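Quick notes on the structure that follows.
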Amino acid sequence: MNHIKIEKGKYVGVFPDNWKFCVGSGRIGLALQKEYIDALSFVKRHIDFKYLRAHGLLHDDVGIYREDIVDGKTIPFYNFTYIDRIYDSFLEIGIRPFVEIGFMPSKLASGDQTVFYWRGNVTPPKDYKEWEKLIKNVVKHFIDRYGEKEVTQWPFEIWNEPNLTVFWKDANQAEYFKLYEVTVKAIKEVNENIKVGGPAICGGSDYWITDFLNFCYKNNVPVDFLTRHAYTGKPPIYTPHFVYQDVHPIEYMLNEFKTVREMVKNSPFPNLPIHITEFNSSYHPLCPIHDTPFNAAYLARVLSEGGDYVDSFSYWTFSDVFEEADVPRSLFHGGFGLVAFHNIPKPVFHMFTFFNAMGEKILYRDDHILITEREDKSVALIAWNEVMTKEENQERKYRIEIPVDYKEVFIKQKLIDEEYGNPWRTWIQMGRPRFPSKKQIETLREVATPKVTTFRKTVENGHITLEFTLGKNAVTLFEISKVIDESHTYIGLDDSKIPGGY
Amino acid sequence: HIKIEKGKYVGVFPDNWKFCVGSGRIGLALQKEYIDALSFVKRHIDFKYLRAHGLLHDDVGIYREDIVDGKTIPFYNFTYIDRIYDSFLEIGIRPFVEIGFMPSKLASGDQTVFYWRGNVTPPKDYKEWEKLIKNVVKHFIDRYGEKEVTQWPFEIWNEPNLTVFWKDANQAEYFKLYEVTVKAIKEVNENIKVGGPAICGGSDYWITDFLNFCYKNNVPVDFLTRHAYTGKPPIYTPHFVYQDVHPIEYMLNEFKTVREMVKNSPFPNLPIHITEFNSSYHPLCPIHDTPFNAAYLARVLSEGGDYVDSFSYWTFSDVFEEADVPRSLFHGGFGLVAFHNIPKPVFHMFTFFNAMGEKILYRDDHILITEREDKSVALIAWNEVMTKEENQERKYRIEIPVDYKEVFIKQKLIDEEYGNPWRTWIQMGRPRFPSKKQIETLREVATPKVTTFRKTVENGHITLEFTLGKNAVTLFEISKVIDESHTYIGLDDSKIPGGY
């Protein structure tokens, strides 16, 4: 089935690089961890993410805000020891922070409500002039250490998911806007070329956008971009060890992108860049779907088309280095990361690297395949087949007619499915060891690769036809390119003369 | 002042000084900075063991609890500690396992210690704590094997004689905790050497109390542990802790009376492990950054090995959090190494002791001369100076017999002028959060002054004259030359432009 004839030198739209603009992370204090940095370098040797997005810049483990007690007065102290190391580490690797202002330092808090295992305080500041004092010092300290030309390339989003009460006392919307205003004017006081935005809402309360954008237009409050999150997980069941969840079809998320894009088109700021600062299928740090070939195939379409509606959409997260639900208890555990501990890539990691092959000129695209032309001649395509139900329809066949100007064609294929690059399975086979040995870790590394296959096709009537079939939860990548045979420059080349039947 | 000797020895310089080093909480071992530092140290000082608090702290998260139906069953999460002891072994160093503190879920009370809120109470249910220790030990053998883990010493708790580290300082209760813990470990593998009680100075009755308690009934003990500082009662400050200090002879004699106590105790050959030692005992005391502390502490490396099997400098680096997060590059943290792998003077003092052979030619309060198996000579001299109103310079004239005709001398000097990044940091403005180019300047100067000399040898001996400045340490290495110039035919430096 699925027949596709690509017409010689004809294009529909363009493939942008928005898909690699930013990733997500465990809280910024975890960037101190060797494992964190080892994983971040590994990712960055394979995907050129430009920005890194993480909670907890002002948590008390990074220890920025503290108080000194002179006489009877208390005085602010701004400790940059940890944040200097962390942001130094990023820039050395080549990734800037997408800065997320939050949460609230314990000694500025108004209440005792805290989210997560590491108890980030989510009450507003008990003194907004103290709050403004802290933001200002942080911002100019950044300018001093790193230079204005660089910090002006860092975006700042104000808080995280204020539409939820577990992320902002009473989900209070009047208060969030006051928090946003105090913060962004502090920032723009220090340098008004620094780009700010928000309101970083979860899905479900999209009216917050309209209220938020109206609030800014009304009261002359800067906003330079919009943010929101987007998961597809249906109500979960819990477990001391797991959170289990079903997910809407991937269409559901893409629909949200288009929806919020049109929401800002009817804003007073019809060109707000949109940054989807968090996206995944399931939204829990302990839900095993993140480990699965399914999740690669299910998210694949987001990379293929999400850039049509939003300027960025960052996958949460780049690594299982994470702590919102206590220290992971097993190598595979449901964590959000593209990479499990020991720099073991999950299916979804490889799916990301597949999109490195796409040129900008799109030859063809539908719900389950993208076909691009590179600037150099070449054609490259990615196809996916996510199968949600054990019922459903398990396989997907393609024949693709591809016109080529050359007589001799080289084809490379990379494939991941339940059989190839799925170390979760090999792990289950191992006995689901919670704390495996070096030798076990290394066999998992051996199998967490794509299957790579190469073909020579000497082509008929000026066109190649690719025939392949995707099994369940597979993603694949083909690169097609011109061969310049050099076998004639080998005088006396005869493979028949080599023992082995050749 | 004036020293001479001939072919004869006075003692043996053991490698005890390299035995173990202190560290921040093992939780901190996950930090890239920590591992970057431990690698840099271990590139220069072959330390064998590492001692740290916090093995059961909840940052590293070993002890957790799950609720099935109604009950609570334990859960032991090894993710972090596996990563940590993995990196230790990869670096080439093993842990002095210090059992502590108490996991919050197992704790009987509310009292904590440090910025990082380690619980200091006993277990609500000692049978549960027996479960915890044995499971952790078994996992260690499952992961690393018997032959390895049995090379790991186990120390129980830390400074129980103080209330801060063990509520009420209940010596009776601590004895109980020690008993349950020790034969748990031993039930898993009895060849695991265990010990205690890791108290600090000023309560040495605990020693033979503890020591006799273990002779009296059951309880096996394979070594003794104690800490050794010299800080006088301290002034406090929201940024600093300032302490004066007894002379170094204080703790060096504290070592000796502790050896005596065990020479007279039920275990006359009990090994002794000073698991912490420094001058001042606070993480925010600038003394640790100074040339003084290097010269003040040299003598512990010279003689302490004659009384104790080990004495671990608390700590190898400034990666520390007991007094919250350091607020300035130099802040008086304990570490041999400051952030960015910038060596403090004390570090260079440690690397000087690599040069010593085992055969001591001469030794006193302020020098140590040795011969190395290739029959070459080297010495370390120090000059600590506690006061402005003191003798400051300290002078040396040494005559050395040498069999050979041509000699080569290399000297490594550190004092207030050389190898002293603290001082350059003051010149720069005491920058709390230094730029990169400030860090690279600190590294350029945070190295000993190195100077070489060549001399012909007359009447089978040489003479070394040199003056230590205030708070100085220096190293001399004396070596045979085999001149090869005769084999350079046509050689003549005088034909080189440059007045040569």
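All residue names refer to the structure tokens as shown: chains lettered A, B, ... in order, residues numbered from 1 in each chain, ligands numbered from 1 in order.
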Nearby residues (only C-alpha atoms) at most 8 Å from residue 33 (chain B), same-chain spacing under 3 positions excluded, as a list in words = residues 32 and 34 of chain A; 36, 37, 319, 339 and 340 of chain B
Please determine the contact residues of chain A with respect to chain B at a cut-off of 8 Å, counting only C-alpha atoms, and supply them as a PDB file with N, CA and C atoms, in the first residue's frame.
```
ATOM      1  N   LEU A  32      25.281  19.919  37.883  1.00  0.00           N
ATOM      2  CA  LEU A  32      26.546  19.736  38.559  1.00  0.00           C
ATOM      3  C   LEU A  32      27.045  18.315  38.422  1.00  0.00           C
ATOM      4  N   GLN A  33      26.160  17.370  38.095  1.00  0.00           N
ATOM      5  CA  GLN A  33      26.514  15.956  38.152  1.00  0.00           C
ATOM      6  C   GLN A  33      27.397  15.565  36.978  1.00  0.00           C
ATOM      7  N   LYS A  34      28.416  14.757  37.255  1.00  0.00           N
ATOM      8  CA  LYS A  34      29.236  14.234  36.172  1.00  0.00           C
ATOM      9  C   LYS A  34      28.373  13.526  35.139  1.00  0.00           C
ATOM     10  N   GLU A  35      27.482  12.641  35.595  1.00  0.00           N
ATOM     11  CA  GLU A  35      26.608  11.939  34.658  1.00  0.00           C
ATOM     12  C   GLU A  35      25.849  12.924  33.783  1.00  0.00           C
ATOM     13  N   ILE A  37      26.650  15.957  32.821  1.00  0.00           N
ATOM     14  CA  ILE A  37      27.508  16.572  31.821  1.00  0.00           C
ATOM     15  C   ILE A  37      27.983  15.537  30.815  1.00  0.00           C
ATOM     16  N   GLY A  63      21.671  27.440  45.294  1.00  0.00           N
ATOM     17  CA  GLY A  63      22.047  28.325  46.401  1.00  0.00           C
ATOM     18  C   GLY A  63      22.342  29.767  46.037  1.00  0.00           C
ATOM     19  N   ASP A  68      22.272  37.338  55.028  1.00  0.00           N
ATOM     20  CA  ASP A  68      23.256  37.613  56.061  1.00  0.00           C
ATOM     21  C   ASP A  68      22.649  38.563  57.090  1.00  0.00           C
ATOM     22  N   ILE A  69      23.035  38.380  58.356  1.00  0.00           N
ATOM     23  CA  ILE A  69      22.355  39.007  59.497  1.00  0.00           C
ATOM     24  C   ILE A  69      23.335  39.961  60.182  1.00  0.00           C
ATOM     25  N   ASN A  79      24.830  34.366  45.835  1.00  0.00           N
ATOM     26  CA  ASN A  79      25.917  33.410  45.631  1.00  0.00           C
ATOM     27  C   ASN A  79      25.850  32.814  44.229  1.00  0.00           C
ATOM     28  N   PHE A  80      26.853  33.118  43.414  1.00  0.00           N
ATOM     29  CA  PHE A  80      26.908  32.652  42.042  1.00  0.00           C
ATOM     30  C   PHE A  80      27.894  31.510  41.837  1.00  0.00           C
ATOM     31  N   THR A  81      28.398  30.901  42.916  1.00  0.00           N
ATOM     32  CA  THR A  81      29.384  29.838  42.752  1.00  0.00           C
ATOM     33  C   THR A  81      28.846  28.713  41.866  1.00  0.00           C
ATOM     34  N   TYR A  82      27.669  28.171  42.189  1.00  0.00           N
ATOM     35  CA  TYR A  82      27.140  27.037  41.417  1.00  0.00           C
ATOM     36  C   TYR A  82      26.630  27.473  40.036  1.00  0.00           C
ATOM     37  N   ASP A  84      27.533  29.788  38.242  1.00  0.00           N
ATOM     38  CA  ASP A  84      28.634  30.101  37.335  1.00  0.00           C
ATOM     39  C   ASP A  84      29.211  28.830  36.737  1.00  0.00           C
ATOM     40  N   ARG A 145      29.608  38.572  34.000  1.00  0.00           N
ATOM     41  CA  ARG A 145      30.401  37.374  33.735  1.00  0.00           C
ATOM     42  C   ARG A 145      30.469  37.067  32.243  1.00  0.00           C
ATOM     43  N   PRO A 240       3.620   2.333  43.774  1.00  0.00           N
ATOM     44  CA  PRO A 240       4.880   2.762  44.395  1.00  0.00           C
ATOM     45  C   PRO A 240       6.047   2.834  43.415  1.00  0.00           C
ATOM     46  N   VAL A 327      15.281   9.417  43.403  1.00  0.00           N
ATOM     47  CA  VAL A 327      16.365   8.892  42.586  1.00  0.00           C
ATOM     48  C   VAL A 327      15.829   7.679  41.844  1.00  0.00           C
ATOM     49  N   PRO A 328      15.933   7.662  40.519  1.00  0.00           N
ATOM     50  CA  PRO A 328      15.590   6.457  39.750  1.00  0.00           C
ATOM     51  C   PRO A 328      16.074   5.165  40.397  1.00  0.00           C
ATOM     52  N   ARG A 329      15.201   4.155  40.400  1.00  0.00           N
ATOM     53  CA  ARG A 329      15.455   2.910  41.107  1.00  0.00           C
ATOM     54  C   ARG A 329      15.894   1.775  40.188  1.00  0.00           C
ATOM     55  N   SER A 330      16.006   2.028  38.883  1.00  0.00           N
ATOM     56  CA  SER A 330      16.323   1.002  37.891  1.00  0.00           C
ATOM     57  C   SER A 330      16.857   1.686  36.636  1.00  0.00           C
ATOM     58  N   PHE A 435      20.323  -2.706  38.853  1.00  0.00           N
ATOM     59  CA  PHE A 435      21.635  -2.092  39.033  1.00  0.00           C
ATOM     60  C   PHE A 435      22.663  -2.954  38.315  1.00  0.00           C
ATOM     61  N   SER A 437      25.638  -4.769  35.899  1.00  0.00           N
ATOM     62  CA  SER A 437      27.089  -4.806  35.883  1.00  0.00           C
ATOM     63  C   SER A 437      27.643  -4.117  34.634  1.00  0.00           C
TER      64      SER A 437
END
```
Name the residues of region 55-198 of chain A that fall into alpha helix (DSSP H) according to DSSP on the backbone, using the chain letters and numbers of this document, as a ChimeraX atom specification.
-> /A:81-93,128-146,148-151,173-190
Export C-alpha atoms of the chosen residues as a PDB file, in the first residue's frame?
```
ATOM      1  CA  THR A  81      29.384  29.838  42.752  1.00  0.00           C
ATOM      2  CA  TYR A  82      27.140  27.037  41.417  1.00  0.00           C
ATOM      3  CA  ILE A  83      25.285  28.911  38.676  1.00  0.00           C
ATOM      4  CA  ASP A  84      28.634  30.101  37.335  1.00  0.00           C
ATOM      5  CA  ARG A  85      29.908  26.534  37.063  1.00  0.00           C
ATOM      6  CA  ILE A  86      26.673  25.341  35.480  1.00  0.00           C
ATOM      7  CA  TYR A  87      26.351  28.030  32.808  1.00  0.00           C
ATOM      8  CA  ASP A  88      30.084  27.859  32.164  1.00  0.00           C
ATOM      9  CA  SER A  89      29.609  24.141  31.530  1.00  0.00           C
ATOM     10  CA  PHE A  90      26.788  24.788  29.056  1.00  0.00           C
ATOM     11  CA  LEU A  91      28.665  27.356  26.978  1.00  0.00           C
ATOM     12  CA  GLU A  92      31.741  25.126  26.857  1.00  0.00           C
ATOM     13  CA  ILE A  93      29.575  22.389  25.372  1.00  0.00           C
ATOM     14  CA  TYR A 128       8.186  41.930  45.495  1.00  0.00           C
ATOM     15  CA  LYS A 129      10.824  44.615  46.029  1.00  0.00           C
ATOM     16  CA  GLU A 130      13.025  41.881  47.509  1.00  0.00           C
ATOM     17  CA  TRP A 131      12.100  39.744  44.520  1.00  0.00           C
ATOM     18  CA  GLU A 132      12.936  42.514  42.059  1.00  0.00           C
ATOM     19  CA  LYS A 133      16.230  43.069  43.898  1.00  0.00           C
ATOM     20  CA  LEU A 134      17.112  39.382  43.397  1.00  0.00           C
ATOM     21  CA  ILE A 135      16.215  39.247  39.699  1.00  0.00           C
ATOM     22  CA  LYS A 136      18.207  42.403  38.944  1.00  0.00           C
ATOM     23  CA  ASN A 137      21.371  41.202  40.627  1.00  0.00           C
ATOM     24  CA  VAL A 138      21.172  37.827  38.891  1.00  0.00           C
ATOM     25  CA  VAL A 139      20.652  39.455  35.508  1.00  0.00           C
ATOM     26  CA  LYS A 140      23.507  41.980  35.754  1.00  0.00           C
ATOM     27  CA  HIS A 141      25.791  39.342  37.237  1.00  0.00           C
ATOM     28  CA  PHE A 142      25.160  37.364  34.063  1.00  0.00           C
ATOM     29  CA  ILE A 143      25.963  40.407  31.952  1.00  0.00           C
ATOM     30  CA  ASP A 144      29.192  40.989  33.894  1.00  0.00           C
ATOM     31  CA  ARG A 145      30.401  37.374  33.735  1.00  0.00           C
ATOM     32  CA  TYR A 146      29.279  36.507  30.201  1.00  0.00           C
ATOM     33  CA  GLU A 148      25.953  41.549  26.894  1.00  0.00           C
ATOM     34  CA  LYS A 149      26.327  40.221  23.331  1.00  0.00           C
ATOM     35  CA  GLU A 150      25.848  36.717  24.752  1.00  0.00           C
ATOM     36  CA  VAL A 151      23.256  37.131  27.474  1.00  0.00           C
ATOM     37  CA  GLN A 173      -3.969  34.320  37.816  1.00  0.00           C
ATOM     38  CA  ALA A 174      -3.971  37.864  39.140  1.00  0.00           C
ATOM     39  CA  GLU A 175      -0.874  37.001  41.168  1.00  0.00           C
ATOM     40  CA  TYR A 176       0.976  35.340  38.283  1.00  0.00           C
ATOM     41  CA  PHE A 177       0.487  38.447  36.127  1.00  0.00           C
ATOM     42  CA  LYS A 178       1.817  40.627  38.939  1.00  0.00           C
ATOM     43  CA  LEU A 179       4.767  38.242  39.282  1.00  0.00           C
ATOM     44  CA  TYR A 180       5.332  38.354  35.540  1.00  0.00           C
ATOM     45  CA  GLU A 181       5.231  42.156  35.501  1.00  0.00           C
ATOM     46  CA  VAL A 182       7.656  42.668  38.409  1.00  0.00           C
ATOM     47  CA  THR A 183      10.078  40.135  36.949  1.00  0.00           C
ATOM     48  CA  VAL A 184      10.148  41.240  33.340  1.00  0.00           C
ATOM     49  CA  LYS A 185      10.499  44.906  34.197  1.00  0.00           C
ATOM     50  CA  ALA A 186      13.411  44.048  36.465  1.00  0.00           C
ATOM     51  CA  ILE A 187      14.997  42.119  33.559  1.00  0.00           C
ATOM     52  CA  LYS A 188      14.372  44.832  30.993  1.00  0.00           C
ATOM     53  CA  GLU A 189      15.686  47.424  33.458  1.00  0.00           C
ATOM     54  CA  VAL A 190      19.081  45.710  33.388  1.00  0.00           C
TER      55      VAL A 190
END
```
With a distance cut-off of 9 Å and only C-alpha atoms, select the neighbouring residues of region 270-282 of chain A, excluding the residue or stretch itself and same-chain residues fewer than 3 positions from it, and output the selection as a PyMOL selection string.
-> chain A and resi 22-24+53+98+198+200+223-234+244-248+250+253+257+260-267+285+287+289-290+295+298-299+309-317+336
Would you mind listing what lies within 10 Å of residue 67 (chain A) as number ranges by chain, with only C-alpha atoms counted and same-chain residues fewer than 4 positions away left out?
-> A: 73-78, 107-108; B: 238
Write out as JSON, numbers by chain the residues lying within 10 Å of residue 271 (chain B), counting only C-alpha atoms and excluding same-chain residues fewer than 2 positions away.
-> {"B": [195, 221, 222, 223, 224, 225, 259, 262, 267, 268, 269, 273, 307, 308, 309, 310]}
Show which residues sit within 7 Å of residue 154 (chain A), as a list in words. Count only C-alpha atoms, and ignore same-chain residues fewer than 2 positions away.
-> residues 96, 97, 98, 99, 151, 152, 156 and 194 of chain A
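The list of residues with at least one atom within 6 Å of residue 62 (chain A), based on only C-alpha atoms and without residues fewer than 2 positions apart in the same chain, reads residues 29, 59, 60, 64 and 82 of chain A.
The interatomic distance for the pair CA of residue 456 (chain B) and CA of residue 498 (chain B) works out to 25.3 Å.
Nearest to residue 390 (chain A) of all the residues A:168, A:478, A:355, A:294 is A:294, counting only C-alpha atoms.
If you look at CA of residue 248 (chain B) and CA of residue 400 (chain B), they are 28.4 Å away from each other.
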